[PDB]
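Just one chain is shown here, as structure tokens, and it is the form deposited in one PDB entry.
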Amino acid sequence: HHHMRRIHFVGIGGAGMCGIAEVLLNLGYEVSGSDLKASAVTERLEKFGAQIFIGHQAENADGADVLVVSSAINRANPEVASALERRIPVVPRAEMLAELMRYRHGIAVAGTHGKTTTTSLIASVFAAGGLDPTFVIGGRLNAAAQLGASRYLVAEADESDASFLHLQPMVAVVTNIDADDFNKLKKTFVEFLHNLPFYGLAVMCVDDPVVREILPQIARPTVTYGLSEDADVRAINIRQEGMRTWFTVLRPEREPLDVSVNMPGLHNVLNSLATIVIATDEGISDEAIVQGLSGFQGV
């Protein structure tokens, strides 16, 4: 009925691996893992319930329903070789990482520029609202308290990643689609957005020419943002004051809200606008949006 009970990580002390294991533990799965040396990472994992093996031997994979490996599927590893011989699924860590969105309210931040900063800004505003998300930057899981505890999983989505077209987010942001086959690149972003359920939300920067271009092709609920006169969630009254930028944000069915972001540059007004759309969608108060954006120090 449920065909994954025990997940085994080959190299579980690795920087991308330990976080995923911790989330799977918080989800209630049995997690085991092998690593070449014990560390604070593995010791923390066993206290969360991981079964830790030092060294690689075939028997370490016994009982596992699925194996997670760092990247390449290396049959020279005896744990992997045992799994493959017995037809146990072996998946790269990026695929298990994407899979985590199936269990959480996933917010995927895509686009050529601004993914990392916007992900960080969302995490800071959600923290100010007490929503304490787990968020993924550079393939590493962090919390804003065990990983995966929160209802929310905020993750950058890199268009060049093999897992990009397999995410199952509830909310997807596209900040821009930039040339830095471009037409195949556009279709990739359209297919990404159609992985939203019909009750999900596509958050689209209409200041970006290509995002605006593909907007009518997205058959999912949308909120647009930008400085553009037709953006649903719009920045006006922008006054750049040294290291902080003040602006008023217009939102559908809300009074104008005066905010500031504690970083200069017009692109950071855009990163903030994306964050505001998302925080607004989750019911975060004006006060928490103001504190998260203006209290922010950097990625």
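We number the residues from 1 along the sequence you see. The term rigid core refers to the most C-alpha atoms you can superpose between the two forms while keeping them within 1.5 Å.
Here the subject shifts to the form deposited in another entry, a form of this protein not shown in this document.
Lining up the core between the shown form and the other one shows that one residue from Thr222, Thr116, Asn195, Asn74 moves its Cα 2 Å or more, and that residue is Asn74. Once the rigid core is overlaid between the shown form and the other one, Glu43 does not reach a Cα shift of 2 Å, moving by less than that.
Relative to the superposed rigid core, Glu241 undergoes a CA displacement of at least 2 Å between the shown form and the other one. Relative to this form, the distance between the C-alpha atoms of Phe164 and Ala72 is increased by at least 3 angstroms in that other deposited form.
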